[PDB]
Amino acid sequence: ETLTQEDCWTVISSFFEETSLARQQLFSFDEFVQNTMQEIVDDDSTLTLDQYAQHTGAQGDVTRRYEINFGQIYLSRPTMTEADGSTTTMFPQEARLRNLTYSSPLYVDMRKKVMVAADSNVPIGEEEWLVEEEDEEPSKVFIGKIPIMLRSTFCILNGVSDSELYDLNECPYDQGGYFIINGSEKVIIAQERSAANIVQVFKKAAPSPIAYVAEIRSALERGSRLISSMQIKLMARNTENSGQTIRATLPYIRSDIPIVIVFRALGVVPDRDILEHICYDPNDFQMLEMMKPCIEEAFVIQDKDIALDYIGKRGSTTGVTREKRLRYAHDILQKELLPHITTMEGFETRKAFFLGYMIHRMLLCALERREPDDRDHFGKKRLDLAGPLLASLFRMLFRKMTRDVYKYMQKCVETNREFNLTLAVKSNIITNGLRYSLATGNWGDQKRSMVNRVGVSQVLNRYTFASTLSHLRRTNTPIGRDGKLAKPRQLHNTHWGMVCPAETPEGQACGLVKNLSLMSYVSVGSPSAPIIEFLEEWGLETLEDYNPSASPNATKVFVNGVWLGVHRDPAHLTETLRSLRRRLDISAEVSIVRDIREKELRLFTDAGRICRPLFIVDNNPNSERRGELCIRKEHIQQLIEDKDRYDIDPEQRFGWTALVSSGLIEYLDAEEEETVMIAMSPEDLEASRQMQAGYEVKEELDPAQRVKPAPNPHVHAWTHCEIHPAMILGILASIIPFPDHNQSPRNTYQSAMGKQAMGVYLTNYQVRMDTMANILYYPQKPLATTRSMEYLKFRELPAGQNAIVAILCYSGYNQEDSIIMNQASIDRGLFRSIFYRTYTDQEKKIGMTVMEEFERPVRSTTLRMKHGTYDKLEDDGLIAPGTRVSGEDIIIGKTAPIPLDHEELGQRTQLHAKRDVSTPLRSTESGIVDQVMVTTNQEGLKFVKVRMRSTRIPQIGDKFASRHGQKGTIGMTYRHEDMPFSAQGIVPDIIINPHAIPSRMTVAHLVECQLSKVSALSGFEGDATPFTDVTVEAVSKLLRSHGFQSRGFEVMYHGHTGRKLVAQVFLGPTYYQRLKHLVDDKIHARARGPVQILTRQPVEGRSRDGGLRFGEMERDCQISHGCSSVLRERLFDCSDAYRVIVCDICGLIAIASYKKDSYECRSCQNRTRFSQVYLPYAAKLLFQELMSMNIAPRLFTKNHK
Amino acid sequence: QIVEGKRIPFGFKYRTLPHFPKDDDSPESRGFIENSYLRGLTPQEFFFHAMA
Amino acid sequence: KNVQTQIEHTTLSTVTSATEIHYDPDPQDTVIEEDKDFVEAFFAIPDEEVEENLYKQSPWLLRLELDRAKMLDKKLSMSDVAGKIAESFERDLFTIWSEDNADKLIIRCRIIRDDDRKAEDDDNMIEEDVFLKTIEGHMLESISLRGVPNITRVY
Amino acid sequence: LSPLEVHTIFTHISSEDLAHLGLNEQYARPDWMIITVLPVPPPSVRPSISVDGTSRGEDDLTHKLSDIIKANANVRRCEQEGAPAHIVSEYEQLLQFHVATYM
Amino acid sequence: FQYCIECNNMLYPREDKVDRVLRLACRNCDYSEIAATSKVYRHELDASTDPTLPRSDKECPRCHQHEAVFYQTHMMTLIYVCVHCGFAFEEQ
Amino acid sequence: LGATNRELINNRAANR
Amino acid sequence: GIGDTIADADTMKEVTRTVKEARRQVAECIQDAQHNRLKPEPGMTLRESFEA
RNA sequence: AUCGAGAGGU
């Protein structure tokens, strides 16, 4: 009656049956579209304009009020309207092919209203509005187009079966979770931020004048979701002042207000009240002693009105009357102070209570009673997914659209023109803004590009199925990528189960870019009202009636960072809340953290909290199953039975949700993990349980197995248990076999290199015209596989091959991380691949005249024709599929008319009227035209895409890698006869050097080879899942059972001499990957060619025939060598040699005519004394740039002593 | 396993992972891997080695 | 070790274990039972200077408890620290102390009021308690008992 | 302190005072440190970007020289028509800004 | 440490020379009171419910039970706490 | 929604 | 190969006994530090000395 | 062509 690992994997299988790997993106977007858009519309629902009566002296002057109310929003399915005006439903593949944004139009119900003031003599603002005119029904008005995330509930592919996906040219394996903007796929990278409504106390480092700072980043639940931030700074002890003063930094205040003054502005004038707010214990004298100096500092202000005046004088406005200053101070104190607590009248008591709480926390850290906060604790951070981000963007864009509508109202009213609702809205605002933000990633308005966030949207990575899965689950921390702050980059303890420990890029973004674990769930947010209602009805004492003195031992209750009140029995409250969540009466995303030392009960329901699921251990006092998992074997058998059953209703099967709603699985975030005790496996629970039942928990232990620490006797109750430790890994770390037998940076290196492995990325790559694609001819699934691969679908779309690898020193061509590849194996298709590239062109147009034509250009009329071949183009200016092209051969023929007024030296004969703008093939590439797609673009102009294919056979210089960070290039290829063989005639496909193994300590590579050999011999698949009881001893026994040396060695013979090698070789199958780094993609040589126009130096880039940079370090190396002429050649004769004539009198470049051999300096009237200077063109450019700043850099060739 | 010159830090409150109790200074809790690469790391050891 | 002690810097705060400001009206008597024995011994021996200055001792008693362990570690005697304080503040501060064998190391201090100050500025005089708080702050951090400045610790 | 005033003071400095100040009278006279004439670099320093088409979009320095000359023409026109002194300053402190941000 | 009984502000120390006594007088109003002792200045230079705290089988003096949580200070000395009566111990 | 999506996909020729 | 990372059974008994003795020593070190029986090294706080 | 952003390689 103990849970097994097979049962754990059945539970995980159910999880992934009901959960997609793109679930976070999809659910966030669904939340944004279904709910957040309506809330954003409502928050700015009404627009009102009051036309007062100007005193023009004409009888008939009456004030008017015009009102526009924005109603419900309607989102249709994505559609396209053509040039001819026909409107059709649009499908993702057509959008990808024709470069169309896959967006759905949005309509909003607007209603208009006009009212007349009852009397015009009333003071402004007191006019009574009588209903004059009103729209009987609303007008459904198109306001914009929202890009639709693929596979979301509003996509055309939602609820669509596999067969219909094929009919649409869609891969059933594709998970969606992205957008199509102008044909390109864009994924929104989750953005990490610090949580709002949390008080964080930070110790400022010396010699900063501030000792400690308590900061809260207050955000309204839905009212723009984050505006105000406050600080409470304690100032450092000074030799002049015997005490430290507490000053509150508030929005829109130029100075730090002493805390007592802001308390008085809140009505807590008496000192006793203030120190009861701050120091809840009268008997504690250190707190009051530290508060005394600020009371001393703030005695000059003893009343609320004087405190408000003090605040107002320090507002951003100077030279204002006292009444306005007091009004402004009260307005700031009400609205811009702690808006998450409240923003409405009569709530100064709660804000004062929370301010006292913040001061108490900061002084607890200043007394060194509690440690400061950890800025990097994962439970204090939130992930903004597509939902929240698109919500902020749409709020901004809808505000801009409403401003436009209001300006339209004002302009129409001024001119007495009739107001039309349809003409009022500039629908281009929302459409263009969303399109621009999703396309460029620059997050915000086009006009605030520098201040906007960047890189929020990235082109989806279609190199391998696993790389795409990884890209859909990527988080970015917007820390400075140049500043060297190792702490944010480090792997925190709280990352356990939330972020992948291994998968993180190497380089500047190491540790900042993170990847969600397999079972990590990111909350989308839920209402806090039901939870507050349950708290109120269960005995929550409101904060208005709370008196700390009466109940100092009672526990503060927070919800979303709002101190709602105080409870007297927080244990029972917490058990009741947890029970409710365990029935889903409360949302499963709700964090219920009881902090016993701090006497707090924090509830969280907001979005962005990363959670992970865990088993629940039965802890009920009267239960007969103390210390045993709630989930029985019966529940597992139910999962197996309902997995296959399809006759059952799809929504009424027993699966993952049935476990959560039944109280057998619980989602915990990092905040709640701090209050739980988690067993690492059911066997650990059991061992602890016998240890606690008096049994010795002792037995004969397989010496080959991992050694675990003995069960801790100090642990008597476990609250949870992990479903499987292997779930702490990401997409790519879950493809590594035996990752727990490797040195961790090798796991990171494999996680990075698995993205670049060649395979089949989508099944529909044939019908997709991608810019770049690399496809493996004969992909094979690994012989050694992890159980997590079933959910990553690596067996379905693998990205490598099982090569027979021998670890041997054979001819010395595999040294320094090179490999030797069998040439016969290459000839038979090993690691062969296809490279597809796509060239896009289209017809342009300006005004009413088309200035481009897809045609076969003719030498006799087209000016400036390229040097490539125009003979492979067909009559329609294009190139047919199946033809062979190379280098600069033209694949698309396009011409542009020239203005009739242009006269280019007569080179443009009377026949020459056009100019060639054709598209040549890349100079460094050649192949066969695979495909030529022809269509029309959004503007009804012709639009062509030419896909070329080119087979790449492995050769010397091509990167290959194992799944263990073992990367190399091919150094040499030997044929079948020349390679070492076994007594069966097995010849390895690859030979790798032994020296790669010891230093790197990639023992997982050797264990993989042995296990793959066993599985190839026996046919059973090899389980390489981490943290299993699969030992090398068991694999050795299995291998010996097949008549092989147990450790994987084989007697091999020399191919050259047939002699039996003195050493026995480690030979067996290992999964290798062809990497996107091919030598021919990189080989580059330049003799001469293009130069930059400005500097006249070799251009940059292999693709554009550019030179290589001779940098500062190379110059230093040649200096230390002493090779003066080498430097002169590299930096002058080979880059930008140039000649000028300087005047020997003034030292400035002269006017030189070499044709006439006449030189002149008008300034000096010099025509005889000149010098010839050889210098870099960049030097002459620098000198001219200086002369443009009135600096005269003068070159004198003779010592002017 | 050593992070910033010291044993694995208490990133939770007085524990390194939610699998140990508070104030556990024992070798296993703070990042001592008694296993070899051949034998395999336990999940806690795997995480600590990843941190290093 | 002797040279190490001569080098390591030890201010009053280093040796001070606690400080207090009591209101003890009688310079001869003491409100603290622990202070009776040594104060009685101090006043057992008549002294003309002390006998005269007795009336100038304010009732604000600045008390300082010093850790015996830190005195042993730094090899400091109560006479030495008392003399250092007196030289640091000359005559403004009358001081008395107990013997080393005393189970508690206590220094009692008072401010010898200046009789040359006419009582005609009663609107700005600092209450003697605030002046003594400033004095204690200055004592804890300024007065150096031994060692070399800026050499906090020695190995 | 207007550029005119500083320029006048700098032309009123003596050669010996320049030598004492460590200022070169032959190459770096102080009054020359005030811009009365602005050199215009050749198009070679500031070429026009021609994107495989009928483009003459010019360079950043070309645009800023256009702005500087426009502001200069504005100041001259204001000083000609007899515009109010504040109108003249409107373009004076704008020409100064254009030159400063050009360099 | 005291507050004014009139306006509830802070009472500051003061010397009454005529009687030579220590008083606590409000600096906002005219109220004043006699100090009990008013030592002006002092310059010192439920855990059984937590399931994450380590437990011990130590003896409880009060109720003579055996279950007890413990935790370090915040010297790595242990404070124990009984799980039946809630009494806090010391290592003795 | 699934049925509507199926209807829209299958008849894309007729609805065009 | 994987056979070169394997040490015989007696050697693994040696390794296990070494690690057990190290764990024992750390256990009495923790016990002593929990009873103020660990004299701090000169210029080293008790926690730092225990960690070292 | 220019500029900006991003993904990568050693």
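Chain naming here is simple, since letters A, B, ... match the order of the sequence lines and numbering starts at 1 in each. Scope of the values below: all heavy atoms of this structure, side chains included, with no hydrogens, waters or symmetry mates.
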Taking only N/O atoms, report every protein-nucleotides 7-10 of chain H pair under 3.5 Å with atom names and distance.
| from | atom 1 | to | atom 2 | distance (Å) |
| --- | --- | --- | --- | --- |
| H:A7 | OP1 | A:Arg481 | NH2 | 3.4 |
| H:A7 | OP2 | A:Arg481 | NH1 | 3.3 |
| H:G8 | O3' | A:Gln756 | NE2 | 3.0 |
| H:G9 | OP1 | A:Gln756 | NE2 | 3.3 |
| H:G9 | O3' | A:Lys959 | NZ | 2.7 |
| H:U10 | OP1 | A:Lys959 | NZ | 3.3 |

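- With A:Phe831 as the aromatic partner, A:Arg1074 does not meet the cation-pi criteria of under 6.0 angstrom to the ring centre and within 45 degrees of the ring axis.
- A cation-pi arrangement, defined by a distance under 6.0 Å to the six-membered ring centre and an angle within 45 degrees of its axis, is absent between D:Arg46 and D:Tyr102.
- Atom CZ in A:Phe854 sits 5.5 Å away from atom NZ in A:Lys894 (nearest 0.5 Å).
- Side chain of A:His471 to backbone of A:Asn461: a donor-acceptor contact under 3.5 angstrom is found.
- Judged by the 6.0 Å distance and 45° axis criteria, A:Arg462 is not positioned over the aromatic ring of A:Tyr761.
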Please list, pair by pair, any protein nitrogen or oxygen found under 3.5 Å from a nitrogen or oxygen in nucleotides 2-5 of chain H.
none

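- D:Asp52 has a carboxylate O that lies under 4.0 Å from a charged side-chain N of A:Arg915, or vice versa, which qualifies the two as a salt bridge.
- Residues A:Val459 and D:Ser50 each lie close to RNA chain H; by heavy-atom proximity, the contact nearer the 5' end of the strand is made by D:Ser50.
- A:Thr924 places none of its side-chain heavy atoms less than 4.5 Å from the side chain of A:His1084.
- Side-chain atoms of A:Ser470 and A:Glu503 form a donor-acceptor pair, as typed in the model, at a separation below 3.5 Å.
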